[PDB]
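Data block below; observations after.
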Amino acid sequence: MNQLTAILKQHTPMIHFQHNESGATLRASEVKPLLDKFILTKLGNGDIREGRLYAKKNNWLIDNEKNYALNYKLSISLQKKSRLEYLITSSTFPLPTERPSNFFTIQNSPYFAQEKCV
RNA sequence: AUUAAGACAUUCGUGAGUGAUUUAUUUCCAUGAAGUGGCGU
C-alpha cells in the first residue's frame, strides 16, 4: 500500500542528546539511512552495488545516479510521553534517596562519557 | 479702360472610448551528535 505503520518495543534505554524536548524519540535521520543501506544490502544479497542496481531498476531511488537513498518518508512518533529517564555511569557511586519518580541509575555501564555528572 | 471688377478651400471638431504585466512553478535532494576508557597486572 502507501502507509506502513509499525509499533516498536524498547528493550534497553536510548542515550539521547535532545532529551530536553518532551516528545524526543528515535530520530528518523539515523534510521532512514541505516534502513536504506540494510535494504540495499539485502536486495543485492550481501552486495550493496547489486542492490543499488536493483533499486535503480523499478525506480526505487530518489537519486538514480548519486546516493543510496530510497524514495520513502520516515516518521517516528511517541504515542504517550511518559518518559523513563536513566543516568548512566561507568563507576559505582552511592545512590541517593531523593529523586523524581522517573529517575533511575545504571552503574558500571560501558557508557563512560558523562562521568563528571557524579 | 481691355468680354471688366470684387472673393483666404473657409466655420465647427480633444486621437478618443473599454484594457491589473498577468496565468503557471515546493529553496528541494544527501548525510547516525556520533567514536573511545585506562591504570589499580
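For the first sequence, position 46 matches number 46 in the authors' numbering, and the numbering has no gaps at all.
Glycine included, every Cβ here is placed at the ideal spot set by N, Cα and C.
- Query: For residue 17, does the three-state DSSP call read helix, strand or coil?
  - Reply: coil
- Task: Return the bridge partner residues of residue 121 from the DSSP annotation.
- Result: Any answer about residue 121 is impossible in this case: the structure gives the chain only from 1 up to 118.
- Item | residue 4 classed as buried or exposed, judged by whether at least 16 other C-beta atoms fall within 10 angstroms | exposed
- Expected contact under 8 Å - CB spacing of residue 84 and residue 67 to nearest Å: No, residue 84 and residue 67 are not in contact; Cβ-Cβ is about 36 Å, not under 8 Å.
- Query: I think residue 109 touches residue 88, with their Cβ atoms under 8 Å apart; what is that distance to the nearest whole Å?
  - Reply: 5 Å
- Message: Can you give me the C-alpha to C-alpha distance between residue 95 and residue 41, rounded to a whole angstrom?
- Response: 46 Å
- Query: What runs of the beta strand (DSSP E), each 3 residues or longer, lie entirely inside the segment 11-92?
  - Reply: 85-88
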